[PDB]
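First comes the structure, then the notes that go with it.
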Amino acid sequence: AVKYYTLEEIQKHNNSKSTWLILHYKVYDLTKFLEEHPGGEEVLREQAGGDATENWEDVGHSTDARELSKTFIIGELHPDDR
Ligand code: HEM
């Protein structure tokens with residue numbers, strides 16, 4: 001099975017209490033990763049609640065960073081918003 005979230009719902013998780021964001025078609029919960037992010041939490045807060053795919057790709061994340069991102073996946077973006 002798979003759980004789908006709508007863009008509408010994701011936009012409400014944009015704070016230190018709950019930080020979600022979209023990368024491609026997956027939804028990530030980075031709440032417990034904020035203060036652990038080598039890139040700092042400020043950059044993440046700004047992208048919270050939306051599609052950060054471009055920003056994520058542009059900054060040049062390492063292969064190590066990519067594999068680690070997977071541990072934060074909680075579902076997928078509903079096809080209606082893809
Ligand atoms: C899925 C969650 C993410 C993980 C697991 C993650 C992980 C990391 C790691 C391990 C680094 C260290 C350098 C490297 O290995 O590439 C890093 C650097 C960085 N990340 Fe992320 N990152 C995530 C999301 C993001 C997002 C969405 C943004 C941008 C909106 C971002 C912006 C940055 C920046 C600017 C740096 C610093 C690069 C530098 O100082 O040269 N990261 N990230």
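For ligands, and for the atoms within them, numbers begin at 1 and follow the listed sequence. FYI, the numbering just counts along the sequence from 1.
- For atom 12 (C) of ligand 1, a protein heavy-atom neighbour is present inside the 4.0 Å cut-off.
- Less than 4.0 angstrom separates atom 38 (C) of ligand 1 from none of the non-hydrogen atoms of the protein.
- Cluster annotation: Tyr5 and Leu21 are assigned to distinct hydrophobic clusters (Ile/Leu/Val/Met/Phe/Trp/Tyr, side-chain heavy-atom contacts under 4.5 Å, transitive).
- Between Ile74 and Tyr28 the shortest side-chain heavy-atom distance does not fall below 4.5 Å.
- Taking distances strictly below 2.8 Å, the protein N/O/S atoms close to atom 21 (Fe) of ligand 1 are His37 NE2, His61 NE2.
- Scored by the ring pair (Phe, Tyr, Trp, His ring centres under 6.0 Å) test, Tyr25 finds no partners at all (sequence neighbours excluded).
- Listed by number with element, the atoms of ligand 1 under 4.0 Å from a non-hydrogen atom of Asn55 are 30 (C).
- The main-chain N or O of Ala48 is never found under 3.5 Å from a side-chain atom of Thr19 such that the two would form a donor-acceptor pair.
- Considering only non-hydrogen protein atoms, atom 1 (C) of ligand 1 sits nearest to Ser69 CB, 3.5 Å.
- Without hydrogens or angle criteria, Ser18 side chain to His13 main chain gives no donor-acceptor distance under 3.5 Å.
- Side-chain contact between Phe72 and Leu68 is present, with heavy atoms from C-beta onward closer than 4.5 Å.
- Shown in contact with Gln47 at under 4.0 Å from a heavy atom are these atoms of ligand 1, numbered in order with element: 30 (C).
- By the 4.5 Å heavy-atom criterion applied to side chains, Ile10 and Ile22 are counted as neighbours.
- Side-chain N or O atoms of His78 include none that pairs as donor or acceptor with a backbone N or O of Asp81 at under 3.5 Å.
- Residue contact check for ligand 1: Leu30 places a non-hydrogen atom closer than 4.0 Å to it.
- Counting atoms of ligand 1 from 1 in the listed order, those under 4.0 Å from a heavy atom of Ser62 are 14 (C), 15 (O), 16 (O).
- The list of ring pair (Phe, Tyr, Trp, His ring centres under 6.0 Å) pairs with a residue in residues 41-70, not counting sequence neighbours, reads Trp56-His61.
- Protein heavy atoms come within 4.0 Å of atom 15 (O) of ligand 1.
- Within a 4.0 Å radius of atom 30 (C) of ligand 1, the protein has at least one heavy atom.
- Within the structure, every pair that satisfies the salt bridge (charged side-chain N to carboxylate O under 4.0 Å, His left out) test and touches residues 41-54, not counting sequence neighbours, is listed here: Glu41-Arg45.
- The presence of a protein heavy atom under 4.0 Å from atom 41 (O) of ligand 1 is ruled out.
- Nearest to atom 4 (C) of ligand 1 among the protein's heavy atoms is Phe33 CE2, 3.5 Å.
- Counting heavy atoms from C-beta outward, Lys26 and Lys70 have side chains that stay 4.5 Å or more apart.
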